[PDB]
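The form deposited in one PDB entry is given below as one chain in structure tokens.
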């Protein structure tokens, strides 16, 4: 008699062991189970409300008390014998949950952990079972029976064997609510053979404690290794006999859920941004590339959700977009991705005083983004594929390491990740030394890469900070500035610590009762982007600070009475490109680790551009030849495109892939070579009449000469002394520095 529970007719009777209990994840799962269990005469052999019941998931916890009650199961008794298990009201319990991150791995792990702790034997003897639903279904034109895969590895192997997939439609069912009516009927036609039973092995217990409870730091070693997908052999064993080990489930599904939660709040060290921020930046590039026109934040958030598969909520999306475009002293972004149009926030509230997204408008900082995040190597990066559709890249490789250049908070849990931005005069020196041959410290820096000698210094950025950055011991401290007016007995605060909000700071002083007694009222007259706080002392409290706070050597008496000093603690915790968590002892290590990724990207970008440019030279030469011969190869006399194509072939015109040459998109060199040459003659038949003019030929001929000149130049760039593309790096660093300086001269407005 618990809620959302429908008993079976034979539950608790002589056929109790034949009965099974279905544990639905939510209301949508309950509706699907009700649909399947009531197929009627359409599924004579399928399950029904006889010998089957439903319960909703959604010792203190109420829902577990309901599952315990309906099962007629008791805590103290250990179910080591068959006779003891016969008393149970249901033969087994089946969990019906989604196959997403907030699916298998979290709800399943909690249910497995709950049953593992109290009653370990039930897992060994197969009391706990799981409903395995197809994950990927591939539909072929003209065929009504799809091909169903329960794992992505099987689909990947199948896709490799199938070669072209133009006639195949692939749909990803990552949740129980994604199944259509006909699909659900098909699943319940074979309900028996999709039920998989959990098994308990030796490895499970150590993994169960690691992932659930068991204090911590034994889970860190697990989470720094990344997700290892199930191999082909393991999956075949799963399908051969429907006995899924708990260990394999824990280290695939639960591990991925934990890693996904970590990656939400911890950035990648290559670009210093999380997956959500990467989607916004990639969505921002796509939105404003065609036309850099100002858009509302909620409109831009809708674009990101539609085009970058953002499903975490508009509130989180709008907040992240606002933070991305915020620019003020002590803001998280020293170089915001977007240009903030409107009141995006202030240092006094720590960015929490942003306007409503309906009125707040956003615009991409094209000058900074196009130079720091070049569009010609975004084709070259690995990309995230989500539900089979292209999403934001796995990581961005910018010209300069943003993970060192920004401020990172991660206030709640999340491996306590924190970063303090290094200044642009030390990062540039390191990178230029690594690249420029003529820099005297070029050889020294390379010798220091393999030995961690850190010859050059890295220091905190003092930009937008009217204070002192002093080094004491092994830590950096930021000091505020104060003014004392003896005659009016007023203490004026002109600057706060590095990342201390004004409103929060005033509350800290007021809450401190012992500090408070010396003052009577604090009034904040600080302007925007500048601190000016009036502190009114008691008539005779002028000295009381001096003889009470003892005048510490590191911290002044006023700097002790007023909390104008904070310690800069750096916790360099980052996500590896392949997954997992990497710990850096110092910032130079992050810069050293980022350097090879950009160096390879430059090298392989030139290879692709060389290949693409060679095809374009062939294409443009053919087009110019046609325009020269267009008069006597006049296409009017020929009937259709087939006859025209035959005539063009007879005259020695090369067939080319028209769309692939002009827009190679995301294509590897070998894929580029194999497809480009095999093409139609669309590049000739689609020429407009305006392209046959004399001026059109001259521009096309001049374009051919420029591409031939560029082709020779790129060949020279490949054979460079340090590494290919070294000279290109330096000129792109200069462009980035100019963009930053111009954006710093303005208030990151670029106008």
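So that the term is clear: the rigid core is the largest set of C-alpha atoms that superpose within 1.5 Å between two forms. Positions refer to the first chain, counted from 1.
Below: the form deposited in another entry, not depicted.
Residue shifts between this form and the one not shown, rigid core superposed: of 533, 590, 354, 317, the only C-alpha displaced by 2 Å or more belongs to 533. Positional change of residue 656 between this form and the one not shown reaches 2 Å or more at the C-alpha, relative to the superposed core.
If you fit the rigid core between this form and the one not shown, you'll see the Cα of residue 372 move by less than 2 angstroms. The rigid-core alignment places the CA of residue 327 less than 2 Å apart between this form and the one not shown. Note: residue 333-residue 530 Cα separation is 3 Å or more longer in the other entry than here. Relative to what is shown, residue 412 and residue 396 are closer in the other entry; their C-alpha atoms differ in spacing by at least 3 Å.
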